[PDB]
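Structural overview
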Amino acid sequence: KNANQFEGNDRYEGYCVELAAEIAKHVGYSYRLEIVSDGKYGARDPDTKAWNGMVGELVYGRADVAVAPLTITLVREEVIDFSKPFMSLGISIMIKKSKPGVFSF
Amino acid sequence: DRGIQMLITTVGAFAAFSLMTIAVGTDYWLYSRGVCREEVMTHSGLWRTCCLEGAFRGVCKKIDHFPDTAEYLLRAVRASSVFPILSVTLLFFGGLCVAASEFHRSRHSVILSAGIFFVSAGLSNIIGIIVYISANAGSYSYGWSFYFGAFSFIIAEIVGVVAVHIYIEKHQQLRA
Amino acid sequence: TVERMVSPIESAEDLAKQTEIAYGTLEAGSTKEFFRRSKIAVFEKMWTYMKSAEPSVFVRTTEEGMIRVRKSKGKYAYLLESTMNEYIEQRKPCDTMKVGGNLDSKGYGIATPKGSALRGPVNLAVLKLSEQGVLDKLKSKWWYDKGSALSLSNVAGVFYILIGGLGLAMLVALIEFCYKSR
Amino acid sequence: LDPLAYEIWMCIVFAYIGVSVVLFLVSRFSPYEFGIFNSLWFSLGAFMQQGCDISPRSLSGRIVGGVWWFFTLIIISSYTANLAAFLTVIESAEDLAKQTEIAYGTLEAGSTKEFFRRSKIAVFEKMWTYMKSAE
Amino acid sequence: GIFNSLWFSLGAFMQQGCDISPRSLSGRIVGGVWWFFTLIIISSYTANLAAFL
Ligand SMILES: CCCCCCCC/C=C/CCCCCCCC(=O)OC[C@H](O)CO
Ligand SMILES: CCCCCCCC/C=C\CCCCCCCC(=O)OC[C@H](O)CO
Ligand SMILES: CCCCCCCCCCCCCCCC(=O)O
């Protein structure tokens, strides 16, 4: 809120921001948080066989780490390395959670 | 039994007016779990909601009566408490007629008009209760303010019936 | 009765059996890929529906799917990750809700380029952060700390007509009285 | 009494009193035996669809009687219809996972706890997420 | 009398009404609770038959 007062990796907040900070502290490296341009997590387009999103950014060399909520999948593990999971989850369904009317009788 | 009938009429008129005015003023119509600004047990009324426990206890906030013409009208009518207040006004005028009867025994229609005011007050009371309950619907319990309104309705109707008996017997006795 | 007899999704099968509610996923996500490569009967059925359905059930961002369910008036069921689902359902305008269990079990990982020198240290860092409660605290901070009988309303019109009739009757009585008294 | 809410029953009683009093009032001050007792008996019998010994003759009595008859017909039909609805209308793992009123647990240091902890299946992951936090 | 009392009660339960109604307060209390009982029981019969069908 009011990111304009800040600039760089300090413009963002959230679980993964603090996680990247703590990982950087433990590993001993400096880092700049680059948001993926595509805004997509990652997938291999079956036609072009090109990886897009964060996985594409990692494979092609444009990025050295990805600290997003990136799911561990077999297809991705074949092209990028993953650490042990830092959060569990599953696919889940989200659904939207009527005044009778005076003359409804 | 005209003396006893007038005694019942006056005492009942005062009782109905007092009960209805207290009900419209006090804030124990509904016990629910809302918030006076976590949710805690509260006690709302026709105008203010208050916390019944915890730190903010005793703290009351004006009810945001407002956040579809029918929904708009119901919310408007319930916001202004038109009907409970109209029933208080009519009970007041009925009381005035009952008192004025003795100081002017020349006119008969005075006590008849008292009876009609009391009956009308009861009907306004009913519409108020229905509007209130319906507007709330848009766990809980009803407090003693609610029941004061209900007892005001019953007493008002009884006093109206007694008043009309007094007028009928005056015209029956005098005419014959 | 048709009312009381009605029921919600409560599971994936109930979403697969019906066709009145369209359900989508995020495009270029692990969930879409999970559905595409599935061989489970229900999931294969769901994928065959999602791939062919028109217009595209899929969305471009989680916020897009959230607004699609919020503005589809209960005609859209979004399939997303439980963590995001839980976080959303904990925040206003809290008109959305998670239905039923998970469909599977997986986890997020810190990724690195294949052959990277950061792979080993990052794994050990994640184990250190997990064993020290840091991940638990971060989760708790960013997720938890965010935080029939007929009713009078069903017959209120009949009460209003009744009291209106009583009022009208009293008025008509007064008019008749004044007419017959002159 | 369950088919109708307590507020409906309470307002039926109030409406009954108000109808009886207005029938008595419009009948006494009208050109043309509805005293108060007979008005209450007429109204009770009208609500129970059991008829009576006297019906109003004046226009104002008949308006009051007509709206009370209409109210009675809608309210009695509503009672019977909702009773028919009530009488016409967990048993699974998904059912146990979706609800929250019933708490469910496992044996500690057992194969079942290990099964739920290391599960990748949706429903069982939801079950484990609940069980680990439950207090 | 007893025979007319039996006829009044039978007609009330069958919702056919009658040729005489009670005039006293005690007669009207008895008649009123029998009317209420009749209404609940016959509604219950119709509702449960609808459920079974
Ligand atoms: C001779 C004596 C007869 C006089 C006494 C007879 C009374 C019987 C009928 C009363 C119901 C009449 C009112 C019916 C309610 C109308 C409601 C209506 O029109 O609703 C509009 C609708 O809701 C738009 O959305
Ligand atoms: C002028 C007429 C004279 C009047 C003649 C009298 C007969 C009235 C008829 C029957 C209604 C009585 C049945 C209703 C009984 C109320 C008790 C009840 O319903 O108990 C619920 C309980 O409180 C759980 O919460
Ligand atoms: C002529 C109208 C009078 C008819 C009498 C019907 C009986 C009404 C009983 C109302 C009691 C209210 C209690 C509600 C029951 C509950 O909530 O448990």
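Each chain carries its own residue count, beginning from 1 and running in the order its sequence is written; this scheme need not agree with the entry numbering, and residues with no coordinates do not appear. Think of it this way: whatever chain is written first is A, whatever ligand is written first is 1, and the rest follow in order. What you see is one piece of a larger assembly, and the values refer to that piece, not the whole. Only heavy atoms go into the side-chain values, all of them from the structure, while hydrogens and water stay out. Residues with missing side-chain atoms are left out of burial classes, side-chain pairs and their counts.

This deposited entry lists cryo-EM as its structure determination method and 3.53 Å as its resolution.

Thoughts on the overall build of chain A
Only DSSP runs of H or I reaching four residues or more are called helices, and only runs of E reaching two or more are called strands; each is numbered from the N terminus. The secondary structure content of chain A amounts to three helices and five strands. In sequence order, the secondary structure elements of chain A are arranged as α-β-β-α-α-β-β-β. The atom set for the radius of gyration is the C-alpha atoms, and the globule formula is 2.2 Å times the number of residues raised to the power 0.38. Against the 2.2 N^0.38 benchmark of 13 Å for 105 residues, chain A shows a C-alpha radius of gyration of 20 Å, more extended than a compact globule.

Notes on the overall build of chain C
Of regular secondary structure, chain C possesses nine helices and five strands. Its helices and strands taken in sequence order, chain C reads α-α-β-α-α-α-β-α-β-β-β-α-α-α from the N to the C terminus. In terms of overall size, chain C is more extended than a compact globule, its C-alpha atoms giving a radius of gyration of 28 Å where 182 residues would be expected to give roughly 16 Å. In terms of principal-axis extent, the alpha carbons of chain C reach across some 110 × 40 × 30 Å.

Focus: the side chain of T42 of chain B
Secondary-structure assignment places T42 of chain B in strand β3 (residues 40–44). Two residues form a contact once any of their heavy atoms are found within 4.5 Å. Apart from residues no more than four positions distant in its own chain, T42 of chain B is found in contact with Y31, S32, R33, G34, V35, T49, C50, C51 and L52 of chain B.

Concerning the site of ligand 1
Being near a molecule or strand, for a residue, means having at least one of its heavy atoms within 4 Å of it. As a matter of local geometry, ligand 1 sits amid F103 of chain A, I161 of chain C together with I63, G66, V67 and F70 of chain D. Nearby residues place ligand 1 at the junction of chains A, C and D. Alone, ligand 1 offers 700 Å² of accessible surface; in the complex the protein occludes 37% of this. Here the element with the most residues in the shell around ligand 1 is helix α3 (residues 59–88) of chain D; it accounts for four residues. For the shell around ligand 1, the per-class residue count stands at five nonpolar, one polar and no charged. Method for areas: the Shrake-Rupley scheme with a 1.4 Å probe, in which residue coverage is limited to the protein chains shown. Charged means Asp, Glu, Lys or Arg here, nonpolar means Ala, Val, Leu, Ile, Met, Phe, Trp, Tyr, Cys or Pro, and polar covers whatever is left, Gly included.

A word on the packing of aromatic side chains
Aromatic pairs are defined between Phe, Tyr and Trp rings, using the six-membered ring for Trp, whenever the two ring centres lie within 6.5 Å; interplanar angles under 30 degrees are classed as stacked, those over 60 as edge-to-face, and all others as tilted. Under the criterion given, the structure shown has 39 aromatic pairs over all chains. Each member of the aromatic cluster is reached from another via a ring pair, and the members are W29, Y132, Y140, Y142, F146 and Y147 of chain B. Whether a charge sits over a ring comes down to the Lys NZ or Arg CZ being within 6 Å of the ring centre and within 35 degrees of the ring normal. The ring of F34 of chain C has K106 of chain C sitting right over it, with the charged end atom 4.8 Å from the ring centre. Directly above the aromatic system of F37 of chain D lies the positively charged group of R28 of chain E, at a separation of 4.8 Å from the ring centroid.

A look at the arrangement of the chains
Most contacts, among the seven pairs of chains that meet, fall between chains A and C. At the level of C-alpha atoms, the two units chain A and chain E stay apart, their nearest approach being 19 Å. If you take every C-alpha in chain B and every C-alpha in chain E, the smallest gap between them is 19 Å, and the two do not touch.

Some remarks on the nonpolar core
We define the nonpolar core as a collection of buried residues of types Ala, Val, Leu, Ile, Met, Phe, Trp, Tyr and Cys that are connected through side-chain atoms lying within 4.5 Å of one another. Note on classification: 1.4 Å probe, protein chains only; a residue is buried when its accessible area is under 20% of the maximum for its type, exposed when over 50%, partly exposed between these limits. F159 of chain C together with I12 and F71 of chain D are the most contacted members of the largest nonpolar core, which totals 93 residues. Broken down by element, this core gets its largest block of residues, 15 residues, from helix α4 (residues 109–137) of chain B. Not counting residues within four places of it along the chain, the set of residues in contact with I12 of chain D comprises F159 of chain C together with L4, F47, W68, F71 and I75 of chain D. If you look at the next biggest cluster of nonpolar residues, it comprises 40 residues, including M54 and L70 of chain A together with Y78 and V122 of chain C.

Examining the state of the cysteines
Residue and element names in this part refer to chain B. Only a pair of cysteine sulfur atoms within 2.5 Å counts as a disulfide in this structure description. Summed over all chains, the structure comprises two disulfides over all chains. A sulfur-sulfur separation of 2.0 Å characterises the disulfide bridge that pairs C36 with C51. Judged by the torsion about the S-S bond (-115 degrees), the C36/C51 disulfide is left-handed. There is no split in this pair, since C36 and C51 are both buried.

Description of the packing of α4 of chain B against helix α5 (residues 144–175) of chain B
Residues and elements named next belong to chain B. Throughout, an axis means a line fitted to C-alpha atoms (over the contacting stretch in the case of helices), and angles, computed between N-to-C directions, take values from 0 to 180 degrees. Relative orientation of the contacting elements α4 and α5 amounts to 155 degrees, with a least axis distance of 8 Å. The angle between α4 and α5 falls in the class roughly antiparallel. The chirality of how α4 crosses α5 is left-handed. For the contact of α4 with α5, the per-class residue count stands at 17 nonpolar, seven polar and two charged. Should an angle lie under 35 degrees it is considered roughly parallel, over 145 roughly antiparallel, and from 65 to 115 roughly perpendicular; all remaining angles are considered oblique. Note on convention: near helix rotated counterclockwise from far helix by under a right angle means a left-handed crossing. Clockwise means right-handed.

Side note on the environment of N4 of chain E
Residue and element names in this part refer to chain E. Looking at the secondary structure, you find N4 in helix α1 (residues 2–13). For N4, a relative accessible area of 40% gives the class partly exposed. C-alpha of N4 to C-alpha of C18: the two residues are 14 residues apart in sequence and 10.0 Å apart in space.

What about the site of ligand 2?
Close to ligand 2 lie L1, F37, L40, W41 and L44 of chain D together with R28, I29, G32 and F36 of chain E. What surrounds ligand 2 is not a single chain but chains D and E. Protein coverage of the free-state accessible area of ligand 2, which is 700 Å², stands at 46%. Contributions of two or more residues to the shell around ligand 2 are made by α2 (36–47) of chain D together with α2 (25–52) of chain E. Classifying every residue of the shell around ligand 2 gives seven nonpolar, one polar and one charged.

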